Each structure stands twice: as structure tokens, then as C-alpha cells.
Amino acid sequence: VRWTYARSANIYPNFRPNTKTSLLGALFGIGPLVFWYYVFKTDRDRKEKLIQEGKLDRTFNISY
Amino acid sequence: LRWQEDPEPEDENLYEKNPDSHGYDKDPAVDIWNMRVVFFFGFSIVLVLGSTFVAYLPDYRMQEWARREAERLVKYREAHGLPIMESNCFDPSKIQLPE
Amino acid sequence: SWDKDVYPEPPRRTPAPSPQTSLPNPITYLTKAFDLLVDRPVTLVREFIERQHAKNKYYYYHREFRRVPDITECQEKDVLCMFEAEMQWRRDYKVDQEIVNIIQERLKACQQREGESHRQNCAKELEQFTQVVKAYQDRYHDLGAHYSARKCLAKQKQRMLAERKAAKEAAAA
Amino acid sequence: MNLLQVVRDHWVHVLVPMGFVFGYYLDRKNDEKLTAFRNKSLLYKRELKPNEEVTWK
Amino acid sequence: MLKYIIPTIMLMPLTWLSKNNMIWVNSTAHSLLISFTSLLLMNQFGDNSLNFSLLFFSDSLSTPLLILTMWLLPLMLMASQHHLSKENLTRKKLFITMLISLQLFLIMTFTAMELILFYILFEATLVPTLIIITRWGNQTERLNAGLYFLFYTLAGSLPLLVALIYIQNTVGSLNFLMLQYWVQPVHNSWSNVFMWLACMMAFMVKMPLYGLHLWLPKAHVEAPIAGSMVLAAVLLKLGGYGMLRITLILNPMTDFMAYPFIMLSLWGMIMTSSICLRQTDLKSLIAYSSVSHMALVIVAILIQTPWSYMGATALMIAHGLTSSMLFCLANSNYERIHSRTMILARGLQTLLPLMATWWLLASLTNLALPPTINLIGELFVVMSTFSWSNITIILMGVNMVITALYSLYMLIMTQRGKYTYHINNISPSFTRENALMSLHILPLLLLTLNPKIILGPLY
Amino acid sequence: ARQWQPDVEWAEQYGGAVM
Amino acid sequence: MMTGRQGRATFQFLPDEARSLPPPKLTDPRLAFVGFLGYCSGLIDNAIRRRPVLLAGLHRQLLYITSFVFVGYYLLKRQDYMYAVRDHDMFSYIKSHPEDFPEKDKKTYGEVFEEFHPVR
Amino acid sequence: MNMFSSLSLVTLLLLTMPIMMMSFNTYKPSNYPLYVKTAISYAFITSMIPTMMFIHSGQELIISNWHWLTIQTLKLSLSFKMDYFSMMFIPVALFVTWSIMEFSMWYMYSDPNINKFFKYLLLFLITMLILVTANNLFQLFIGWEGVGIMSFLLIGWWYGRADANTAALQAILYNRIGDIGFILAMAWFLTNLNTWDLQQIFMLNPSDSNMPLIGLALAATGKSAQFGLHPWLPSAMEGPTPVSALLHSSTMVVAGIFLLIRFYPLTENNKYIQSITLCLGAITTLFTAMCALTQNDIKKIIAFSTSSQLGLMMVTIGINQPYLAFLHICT
Amino acid sequence: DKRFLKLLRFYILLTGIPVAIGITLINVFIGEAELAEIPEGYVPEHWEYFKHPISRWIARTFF
Ligand SMILES: CCCCCCCCCCCCCCCCCC(=O)OC[C@H](COP(=O)(O)OCCN)OC(=O)CCCCCCCCCCCCCCCCC
Ligand SMILES: CCCCCCCCCCCCCCCCCC(=O)OC[C@H](COP(=O)(O)OCCN)OC(=O)CCCCCCCCCCCCCCCCC
Ligand SMILES: CCCCCCCCCCCCCCCCCC(=O)OC[C@H](COP(=O)(O)OCCN)OC(=O)CCCCCCCCCCCCCCCCC
Ligand SMILES: CCCCCCCCCCCCCCCCCC(=O)OC[C@H](COP(=O)(O)OCCN)OC(=O)CCCCCCCCCCCCCCCCC
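Residue numbers (the UniProt record's numbering), protein chains in the order written: chain A, 66 to 129; chain B, 53 to 151; chain C, 4 to 176; chain D, 1 to 57; chain E, 1 to 459; chain F, 34 to 52; chain G, 1 to 120; chain H, 1 to 331; chain I, 64 to 126.
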């Protein structure tokens, strides 16, 4: 019981916002989101640019 | 003793007083009827008859009709040298472009 | 059954047997066993069933839809006219999906039928598949899950404008 | 007792079935209030069959 | 819809006027009969939806959700009647009444023609759900779970109310059929950005969206078993159903407003799937599994393609049966050992052979074994998302690896290894428990034979 | 186990002058 | 907004012009719901006073239903009158100010240009 | 045609009958292993007749018997491909499964769940035949995942042993990583060619096939335990020896190679994929043969031998010899 | 566990077997409708647009 309690309910009461937790939370929390936003936004902007110029092969692409 | 509170009751084993229990009720007669309605209306009616009903739905969402209609049009258009399909969905003579 | 023009197939050319071996052909003797033991009793049961169906002959009909005015002739926000045009456009859209499916089925039947010579002998089916897919893509591609006749019309006019602009600057040259 | 007591035991079993019948009946009555375009749509309007008086109810 | 509303209402007098010892038999039998009649909603047409009246309609989207909803009520009565056996009669009847009222609100929610009628019933489902969690939940944390559930939902749904009324003032109608023809494109302005958020955040919170999901592991874990079944099976799908409807009036702004929520979902599904690997509470693990699956539905709805909309509809139905089955499986162990800790009771395959088969089947559907409808839905979403951006296949692929890991980790930890020596009260599985599991999995696998009826309006 | 219900320690939280 | 209506007979529940409107039907679904609320009030009255809820004091339960239905009938008559007056005022104003409500010359979709936004 | 198609299907249907009869309809426990073993031997015989007909005249056909689902312009139908690869492999797989089941009747005699064991072996065989005869990628994926889950259940047969559970989950882990490539190829084919059918893929014959083929190569790497995703195969020796003989040596593990053989019309026009598969197979065959030199567990030696042989099959793919790769699978 | 599977099998067959026999009898002695052109001036019922007798019974009775 102590083990399951320590791994859940007891965590937030003993949490303190400080340099370590703030940086890790920002790095692990927001970091991946910003990274994946710029991967997909970049890829889709490139692909969109090619389609408008007829330079992307979509010969048999009728399912989406 | 702190407040007057009942001690926690011990967990009852339905099988102890009724080795033939179905787990529905402590009364053996009610227990059997609860089993029968669940199994009859559950499996005999809803699942079996419902499965049959779904299997024989009359052309769900027009898919068979559309195939027959497509065959009719393909036969007609190829028999008249027309394209099987046209890029324009709507006749251009009904459209007035800007400028 | 099915119409042979819609689902064509070339005439069948079967080479005649021409053995050069005294050994009996096991398939020939298995084929006769199959006819006697399998195809024959199965044919008798079917004939019994088809006699029962002939006693009770009833019919079903392919539904015909009258043509109604389409979205181009509907006045804005006029739901009663838009409704009938939109339902017609959806019926046509489902029909066009089946036309592409028919053309795809021809293409796949050709590739299997022609074996190792399919790359040459299916050129016609490939050409027809290419043309229909282009036409279908022009009508319906990129409309989105909330597609409608209105969005289809907007897409056509954008394409017609581009084709009209590419011409005045292709006739100026 | 037969009939009685039996009815007292099991009369609740008509409630939901009668709810369905009543719900079904009210659904039909609502359809009789939406007849403005019966046999008047461009797609399906037609001449009435001789005996027939409405195309649907 | 009155042929379903009135019979549902009659379940209440049936429950209250029944003999004391027949409340479960009577309500279960007649709720199954209602579920049987719901198959008449399958009269769907290729072009037009089935429009009953000014108030209600059913199309291929709402019809499967309605059938699932009405199917769940008898299953919840079966799942509840054991742990309520010592409750006094009047409180039992009130518990059943809350379940019936929830069904009434849900079936009207899924068929409401007007978005403000949809809203009122959409919020209405909160009240019986909150009462079920807080009154009949078992732990002290149920009170806190109720508040998180209530105020997460309302924080989002009150802005939605303002948006909907604003739309009615501008368009003149909130009738969903009218909006299909009178919808105008959304210009890209700051004011429209907040209209878009108002129209979507309430549905996002209910999915839940990753980041806004903290209420779910509390509510789904603290509720009684019937509460968890409906919370996961149906109530999460109000958010998906609402988004699928309201995106009609949000184009083309959804093109760029989707990006932050797609990133939260694509990354969130990997985060929540990883969390499952280290959960110590079996019910909590199953709850986090739902968040991961609904992240796919959010992504599918936001990319707005015919394939993603078919996939989203299938997943919502598939997840509903699977997640409900997993909660019922977990509950059956809880009723024996009275703990939700997953490592407490091990090797249960040795003691409960047939129940271990249900665990296996539930696990296989959860990890989307083909040709289950769980896989069909997930596959269609992966296909459409690949077209949205090829790179998404990496995140989708990683999630499918992690999902297999936690699905079978749950199976291996509880069912395999050696049994716990001191746990000596694992009695054989009751007929009720076995019927409850098979009424989940049998319909789920039968749908594989005829998947079109759960693929939605785009089929 | 039996459903938790408030004990004296829980209830005394609501018996003060202020919350 | 309608407080100073030109034909407002002040402090009258149902002015005489309301008699030109069709009365609510005694089978009106809103009147049936009002009766149901009366029946619920009767059951609650038994419950709070610890009488048998369904059977106790049937005379009292009947007066709960009657009084709710009786008051409900007149409230619906006024409700329907007030919406009739709103429509009457609206249409008169539109007629008196045709320059403010012109009939639009409204085009077909074949003529109006709407931008296409591809979903890809 | 009428005999060819009838007999090719009955082979598959015949194997499902012992599964159905285990609905306690005709069921009697004691004879069940003999019943299943007898069905396999008859399935072998029926499978020889279509094989003789193909050998005689090269007869091949596709059966698309049941329409399951149409998604706009993608019609999915249960379809079976009775061709060279499926006509030769089916009798070979059934012949070897016939011996392994007879061997299992002796080896597993004292196992209290021998009936469940024979049911699981039969279910593996059914999913493998679905894999081999599949004509569209969705039906292939059904068999692809089917053998994986049956492999998981047979490896973890002795489920009280922690090492057996770990090895069972290890196989799923490595195979699901490979499944990412399989899903990639399905997504590419649908998006680019509007199909999951092999006929249409080969007819349209895409030239830019690096991405789909890389996906199929990744799928093969997991299923056939090539270097990188290789460790799971020797770990799968946790299962009873009849499992190792059937799944993880003779039939299940060749599905990665078989997938690449089916797509030889695409790989043969792509020198880049040939180079990747060549080097991937070469490192696998060398690395696992080297591991085998020092192993002391007899099943580990034979398991590493299988990995090395699978590497040689992958090399044969990489030198553009798909029919020699298939022959090595059979021998 | 054995009793449950026995009860499950019994109740599925209780209606399952009668339905399978009914479907076979209907398919043998009634068969499906034959496709035909609509006779000139004839207005078919909505259920006469479907092939299988069970399908057109469902359409006629419930839909
Ligand atoms: C638009 C998108 C929406 C989606 C995003 C939604 C984000 C999530 C919003 C969460 C809302 C707040 C959290 C609600 C969870 C329940 C709160 C809780 O339980 O906290 C407990 C805390 C402890 O105190 P207490 O419970 O009273 O002690 C025991 C005696 N009962 O209790 C307390 O101390 C008192 C708590 C008071 C707060 C009650 C909740 C009100 C929320 C609305 C805030 C109103 C803000 C208005 C301010 C305007 C001026 C700036
Ligand atoms: C953890 C808490 C959980 C709750 C989460 C709540 C999420 C709320 C998100 C609200 C944000 C809405 C966006 C408001 C900004 C204004 C939008 C706008 O109008 O900008 C337009 C512009 C569009 O760009 P463009 O596509 O180029 O235009 C069309 C030409 N192609 O703008 C663009 O360039 C489009 C891109 C906008 C999105 C930016 C994404 C930022 C990076 C991803 C962050 C993921 C979410 C982070 C949440 C952390 C919260 C602590
Ligand atoms: C003549 C004398 C003067 C008074 C006359 C006034 C009568 C009208 C007033 C309302 C009273 C309605 C009748 C109430 C009958 C109650 C009888 C009763 O209490 O017996 C209980 C009976 C059987 O129960 P039992 O089998 O004995 O035990 C089961 C154990 N669980 O259980 C039952 O069967 C009771 C069934 C429920 C009661 C009927 C519900 C009526 C609902 C009214 C809706 C109101 C709508 C109004 C719309 C009007 C619009 C114009
Ligand atoms: C010579 C004929 C002998 C047939 C023997 C069949 C007996 C077993 C089936 C029992 C069901 C009753 C069948 C009675 C058939 C009488 C009708 C008939 O023969 O005419 C053909 C008719 C289809 O013709 P149609 O044009 O569509 O309808 C005309 C409308 N007046 O037929 C129909 O309309 C079809 C009517 C049956 C479809 C409804 C059956 C219920 C659906 C579930 C089917 C499962 C099997 C039913 C057995 C009970 C299951 C518990």
C-alpha cells in the first residue's frame, strides 16, 4: 500500500517548483511539441507548395 | 473506541449457501430467472435475430443500387463513344465565371 | 448474369492435348472422378432448387431517379432547391465511385489473365484506368469529409478559371 | 389465485411494451404534420394511382 | 425517436413499481428489448439522413452510437447488481434511475437536430454521471473526482454556449440540416480564432485531449463499475460526435487551427501509452489506455478526410466495447481481492481458466489485432494521416508498438506467472460474469463480418 | 471493502468559523 | 421592448384582442407537461410528510393536478398572445418601412463566386 | 477450372473444421490430437491435386469469392491467389506440419492441455495459409498478425515460467516494430496507387518504389529475424520443441522472405533495395552462423542455424533471384 | 465454466437453429426475385426494389 501510495497520491504534495523541475518540465513537456510542430508544418508547407505548382505526382491519388 | 461504528462485514460467498448459484441473486428462484432473461433476450433475441436482421438489411445506403447504375452508365457511354467519366461535374454552359 | 460489354473478356483459346508419354495422366482420371462424384450430384440438387423457384417467380426493379435541377441553377440559401440538387449530386458521386471500381476491376482481371505478357497486352485497360481516375480526381479530390455540391462547384470554377487564364496567355504566345 | 395475483405479480411487464406502441403511434402522428411536400418534390412527384389518394401516410 | 424515448422513460415506473426482488430481472429484460428495437434505426439512405421530425434525426454517424448506448444499459445493470446487493431497496432503485436517465439524455443527445438542443442534453448527462461517481463510488477520492469531472467539462462548455448562440444570431438557425446549406466560410481574423476555440474546446475536454485529460484518470477510476462503463464507452464519444458535427461550420480555419491540437494528440498518444507501462493500478492503466485511443479520434476528426472520418467512427464504436469490457474484467478481480493494484493478484489463469480467455480476447482487441473493428478503425486513421503528412507514420508506428507492450503486460502480470500464495478467496467465475464478458466481445467480433454499419456517413 | 463515508476527521473540516 | 405598445391595454392579463386567437388545445403537449408537474408536486407532498407516496390522499393529488392545469391553461393563452403580438408588430413595421427591408435580387450558385479551399 | 478452384478452397476449409468441432459439437477429448493430425494429412492430399494441375500446364487463378467492404474507390474482397508460390508452398507446409503433429502426439503426450496445444498448432497453420494465399495486402496483414499472435501464445506455453513470458513478449515487440514497415507500405500503396491488390500494384508498376519497398524490407527484417531485429528468434526456443520445429524454423519465420518474394515485380526494378537486402542478409547469415559456433544448447544451435539460413534467403533476394529464394524456403 | 458454455451454446441455438432452417427453407422454396424492367406506367412499392425476400419483408414491414 505504501508503494502504490508513494507512486501516485504522495507525489504532488512533495513537489516544489524550482530550477530542476521547471526546466525538465519545459524540456520534456513543451520541447517535443514545438519540435513536432516544426517538422509537420515544414513538411506540409513544402508539399502544399509543390501541389499548387503541379510538381507533385498525384496521378492515381483518389483516396484520402 | 472513538465513535460507535459497525465493524466491516465479511465478504459473503454466494456459492456457500447455493453451490448452483449463477451469481445474480441470493434467492435461488430469482437467480435462475435473472440468468434466463439475460441469456434469452441477450443471446437468443438480440444477438441472433439482430445479426440476421443486419445481414438482410435492404441495400444499406444504396451500394448495390449504385453498382447497378454504374454498370448501366458504363454500358451506355461506351456504346456511344462517350467518355466513361468527365472532369466537369456541372455543365460549363450553366456556369458564369467572373471577369 | 452480368453484361459482357461492361465486364469484357477476350475469347478463350485452349490448346488441345497432345501427349508424348505412355503414362496415364492422373489429372484426366481425377477430372472424371470429380465430374461423377462432385459436379453431378451438385447439379442435380441445383436443378431441384431451380424448379421450386420457377413455381414462384416474382420481380424486383432497379430504381430510376428523375433528373432534377443541379446546384448551379439553385438560388443562394434556397434550401428546398439546394436540398434536391445536393441529394442528386451525392447519388451521382456514389455512382462515379462505382464506375471507377468497374474500371479497376477490368484492369486487375486483365493483369491476371495475361500472365507474363500483361505489361504489353493490358495497355488499353491501363489507359482507360488512367483517364477515369484523372476525371474522378478532377471532380472529387480534395473536397474534404464535409464535401458538398457547392464545394464541388467551387472547385470546378477554380479549375475553369485556371484553364481560361492559361489559354489567353497561351494564345498570346 | 389465478388471473388475479398473477396480474398483480406481472402487470408491470406491459409498461415498456406499451411505451413502444405509444411512442410508435406518436411518431406516425408527427409524420401527418409534415405533408407539405407529399407527392410534390421534383424527384418523386407523380400522378396518383386510380384508387390511391396519397402517396404515403 | 419517441419510439425509443417513451420506452426508456417507462423503465423508471417499471423499476419503482416492480416487486422488491425483481428490480434487476425486470429492468434488465426490458432494457434488452429496447436495445433490440434500436436496430430499426439502420434504415439509412445513400444520400439523405433519416429525418424524423423538427426535433430529431438519425444518420449513419448517430445510429451506431445510439445502438451502442442502448446496448450498454443492460450490461451496466448486470455489472452493478452484485456490488449493490447490500444497498437498501430505495437506494438501489435510485441508482437504476440515474442509469435510465443517463440513457434518456444520451439517445436524445445523439439525435438532436438543433445544436442548442444538443447542448442542453450534452450538459444534462453531467448530473446523473456526477451523482453516480460521488454517491456510489467506493473511495474517498470520488468526491475530488466528481469536482474535476464537473469543472473541467463546464470550463469548456460555457464558452461553447456563447459561441452557439452567436452562430444562431448570425446564421439565423442552429438546425443541423439548415447549417449544411447555409454554412459560410470562416474568415481568418482574431475574433474567428476564439469562435473556433469556443466551438471546439468543450468537445476537446471530453475526448479528452492530452493536457486536458487529468479529470479522466480520476473519474474513470473512482466511479463504480457502471459509471466507468458508460464514462468510457459512450460519454467520451459525445466529444467525438460533437466535433464531427461542428467542424462543418468551421472551415477553412480548421486547416491551421488544427496544428496545436494535432501535435498534442500525436505526441500525447505516445505519452499516455508510455504511462500505461508503469501504472500500478489496473483500473488506472485501462483509463490511460482510453486517452491514447481517443487521441487518434481527435487527429482523425481534425484532418477532415473521408478516410479519417470513417476510421474515427469505427474507433469510437470499437473502443466503446473494448474499454467497457476491460473495466468489467478488472472489476471482476476487484470484487474478489478488493484491491485495484495490478501486481497483487497474479497467475489468475491457473485459478480462473475461462476468465483468462476473456482477458486474452479483450487484450487482442485493445492492441488492434486484424481483422477486428479496432484494427479497421486504427488502420483507416493511419492511412489518412499518412496522406496528411508521411512523417506521421513514425508516431503512429511507435504507438502501435507501445500499445502491444502494455496490453500484453497487463495480460501477463495478472494472468500468468505463479499465483499469490496468501490470496485464497478466488472463487470460480459466476455465470453472470461470464455472460457479461461475452456480451461485450461477441457483438464486437460479429461486427467484423459487416463493418459498413459502423463506418459512418462517409461510407 | 465497504464504501468509505466521512469520519469525524473529515467532518470537522466544515465545523470551523471559516473554510 | 414591448412595454409601450400602441395598443397595449395596460395591466390586463389577456386583452380583448387576444380572443381572436385560437385557444390552446386541452390536449396541448405543454399543458400535459404542466399537469405532470402538478402530479409530481402531489407525490412530493406525500413524501415530505411520510405518507404512502402513491396512494395517500388522492383528493389532494387531484387538486394538485387540477390547479397546475388550470393555471397552465391561462399562462399558455397569454404566452401565445404575446408571440402573436410580436409577429404583428414586426410585420407592420416591415410594411411601413419598405426602404429598410428590400427584396434582394438573389443569384444562382452558377453566377456567384465562392473560393475553393482544398482539404489535402 | 471447376476442379482446381474447388479443391484449392477445400484444403483451407478442411483445416477449419477441427476448430469448429471444438465448439463441443461432435467433440470427444481423447481422439482430438489424432483427429487434427488426420485432417492435416487429408489437406495435404487435396492440396496435391491443384499442385499437379499447375505442374502439368501452369494453371493459375485468383478467387475473389466474397465482397467484404467497399470504401469509396477501394473494394476489399476476400481473394485467394493460387499461383506458383502458393501451389508449391502449401503442400510442403502441410507435409511438414503432418510430421510435426504426429511427433507432437508423442512428445506432448503427458501434457494435460494437449488438445489446446493441437488447436493452437492448427490455428497457426490456418493463419499461415491465409498469409500465403492472400491476394490483397489487408488479407495478407490478417495472416501476418495471425502468426505473430499464435507465435506469442505457443512460445509462452509454459506460462508459469517467467522466462517463457519474457520471450513471448519479446517476439511481439520485435515483430510489431517490423509491422511499422508493413503499415507504411499499405499507406503508400493506397495513397499512390489507390489499391491494396497485388494485380493493380504490379500493373501500375511504380518506378519511385524506394519508400514502399523499404517498408516491406523493414517488415521482413522483423518477421524473418534479420540483423537488428534478430534476437527474438533464438529466444523463442522457450516454446515446446514441436513449436520450434513448426513455427520458428520451417514456416512462420519464412513469412518475411515470402513477402519480399511476392513483391519481386517491384524489387527487380529497384537496384537500391536489392543492395539493402543483399547487405542485410549477408550480415545476418554471417553474424548468426558465428554465434552458432559456440552455443551449447542444442535448440540454440539449430535456432541460430535458421537465422543464418534466413539470411541466405535474404541474400538471394538481394541478387535478384526470388525464385531461388523460394526454392530454398521449400527445401 | 463448463455450465456457462453449455448455457451459451443452448441459447444461441434455441433461435439460431430455427433461423438457419427458416432461411434455408425460404431460399429453396421461395428464392430471390428476378430483375425486371418496370412495366410502362407501373409504380412499384418501395420494397419491390430489393432482391431477397427477407430484405423486402424487412423494408415492407418496418421501414
Ligand atoms: C475554455 C477551455 C476549458 C478547458 C480548460 C479547463 C481547465 C481546467 C479548469 C479547472 C478548474 C479548477 C479546478 C477544478 C477542480 C476541482 C477543484 C478542487 O477540488 O480543489 C480543491 C480545493 C481545496 O479546497 P476545499 O475542497 O474546499 O477543501 C475541502 C472542503 N471542501 O478547493 C478550493 O480550494 C476552492 C476551489 C475554488 C475553485 C472552484 C472552481 C472554479 C473554476 C472557475 C474559476 C473562476 C475564475 C473567475 C475569476 C475571475 C476574476 C479573475
Ligand atoms: C498543455 C495544455 C493543454 C491545453 C492546450 C490548449 C491549446 C490551445 C491552442 C490555442 C492556439 C490557437 C492558435 C492561436 C494563434 C493564432 C492563430 C492564427 O490565426 O495564426 C494564423 C497562422 C496560420 O499560418 P499559415 O498556415 O501559414 O496560414 C495559411 C497559409 N498557409 O498561424 C500559424 O502559423 C498556424 C500555427 C498555429 C499553431 C502554433 C503551434 C505552436 C507549437 C505547437 C504547440 C502545441 C501546443 C502547446 C500547448 C502548451 C500549453 C502549455
Ligand atoms: C375518487 C376519489 C377522489 C380522488 C380521485 C383522484 C384520482 C386522480 C389523482 C391521481 C391518482 C392517480 C391514481 C393513483 C393510483 C395509486 C394506487 C396505488 O397506490 O396502488 C399501488 C399500485 C399497485 O402496486 P402493488 O402491486 O400493490 O405493489 C407493488 C410493490 N412495489 O400501483 C399502481 O398501479 C399505481 C400506478 C401509478 C399511478 C398512476 C399515475 C398517474 C399519472 C398522472 C399523470 C398526470 C398527467 C396530467 C395531464 C393532464 C393534462 C390534461
Ligand atoms: C412455397 C413457400 C414455402 C416457404 C416455406 C418457408 C417456411 C419458413 C419461413 C417461415 C416464415 C414465413 C414464410 C411465409 C412465406 C409466404 C410468402 C410467400 O411465399 O410469397 C413470397 C414472399 C416474397 O414475395 P414478395 O413479393 O416480396 O411479397 C409479397 C407481399 N404480399 O415471401 C416473403 O415475403 C418472405 C417472408 C419470410 C420473410 C420473413 C421471415 C422472418 C425473418 C427471419 C427469417 C428467419 C427464418 C424464420 C423462421 C422463424 C425464426 C425464429
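Even for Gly, the Cβ is constructed at its ideal location relative to N, Cα and C.
Item, Value
"Quick check on the DSSP output: the beta strand (DSSP E) that includes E378/E runs from which residue to which?", "Where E378/E is concerned, there is no enclosing beta strand (DSSP E), although the alpha helix (DSSP H) it sits in stretches over 373-388."
"Excluding the five sequence neighbours on either side, which residues of its own chain have a C-beta within less than 7 Å of the C-beta of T285/H, listed in chain order?", "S308, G311, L312, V315"
"Can you find a CB in chain E that lies within less than 7 Å of the CB of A44/F?", "no"
"Shorter than 6 Å, the distance from the beta carbon of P159/E to the closest heavy atom of ligand 1, or not?", "yes"
"Near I172/H, which residues of its chain fall below 7 Å by C-beta distance, leaving aside the five closest residues on each side in sequence?", "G148, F152"
"Regarding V291/E and ligand 1, is the C-beta to nearest heavy atom distance less than 6 Å?", "no"
"Check whether the Cβ of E115/G lies closer than 7 Å to any Cβ atom in chain B.", "no"
"Any C-beta of chain J within less than 9 Å: which residues of the segment 49-75 of chain H qualify?", "In summary, chain J is missing from the structure at hand, where the protein chains are A, B, C, D, E, F, G, H and I."
"Evaluate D63/B with the Cβ neighbour count: other Cβ atoms within 10 Å of its Cβ, from every protein chain shown; 16 or more gives buried, anything less gives exposed.", "exposed"
"Under 7 Å Cβ to Cβ from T288/H, same chain only, skipping five residues before and after it: list those, please.", "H230, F304, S307, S308, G311"
"Ligand 3 heavy atoms versus the CB of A47/G: any closer than 6 Å?", "no"
"Please classify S429/E: does DSSP put it in a helix, a strand, or coil?", "coil"
"Does at least one heavy atom of ligand 2 sit under 6 Å from the Cβ of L214/E?", "no"
"Compile a chain-ordered list of the residues in the segment 20-43 of chain D whose CB is closer than 9 Å to at least one CB of chain C.", "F37, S41, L42, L43"
"Measure the Cβ-Cβ separation of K283/E and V221/E and say whether it is below 7 Å.", "yes"
"By the three-class DSSP mapping on this structure, what secondary structure does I127/A have?", "coil"
"Closest by CA to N39/D, which one among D9/D, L4/D, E53/D, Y24/D?", "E53/D"
"Can you find a C-beta in chain E that's less than 7 Å from the C-beta of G118/C?", "no"
"When you compare the CB positions of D108/A and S389/E, do they come within less than 7 Å of one another, or not?", "yes"
"Between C291/H, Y84/H, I114/H, which lies nearest to residue 348/H when the distance is taken from Cα to Cα?", "The structure shown does not extend to residue 348/H, since chain H spans only 1 to 331, so no value can be given for it."
"By how many angstroms is the C-alpha of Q170/H removed from the C-alpha of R432/E?", "36 Å"
"Shortest alpha-carbon distance to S4/C belongs to which of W110/I, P116/I, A99/I?", "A99/I"
"Please report the residue range of the alpha helix (DSSP H) in which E111/G lies.", "Note, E111/G: premise wrong, no alpha helix (DSSP H); not H, not E."
"Residues in its own chain within less than 6 Å of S8/H by CB, not counting five upstream and five downstream?", "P50, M82"
"Which first and last residues belong to the alpha helix (DSSP H) in which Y32/C is found?", "29-37"
"Report whether the distance from the Cβ of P110/B to the nearest heavy atom of ligand 4 is below 6 Å.", "no"
"Note down, in chain order, every chain C residue with its Cβ under 9 Å from the Cβ of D197/H.", "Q107, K111"
"Cutting at 7 Å between CB atoms, please list the residues of its own chain near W16/E, excluding the five before and the five after it.", "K93"
"Just the chain C side, please: which residues come within less than 7 Å of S5/H by C-beta, in chain order?", "Chain C residues near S5/H: none, gap ~11 Å exceeds 7 Å."
"Less than 7 Å between the C-beta atoms of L442/E and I373/E, yes or no?", "no"
"Out of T125/E, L302/E, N51/E, point me to the one whose CA is closest to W196/E's CA.", "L302/E"
"Can you give the beta carbon distance from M78/E to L436/E, rounded, assuming they're within the 8 Å contact cut?", "5 Å"
"Along the beta strand (DSSP E) that carries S64/H, what are the first and last residues, could you check?", "61-71"
"Just the Cα atoms here: how many angstroms apart are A50/F and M1/G?", "47 Å"
"Compile a chain-ordered list of the residues in the segment 37-57 of chain C whose CB is closer than 7 Å to at least one CB of chain I.", "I52, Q55, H56"
"How would you call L53/B, buried or exposed, if buried means at least 16 neighbouring beta carbons within 10 angstroms?", "exposed"
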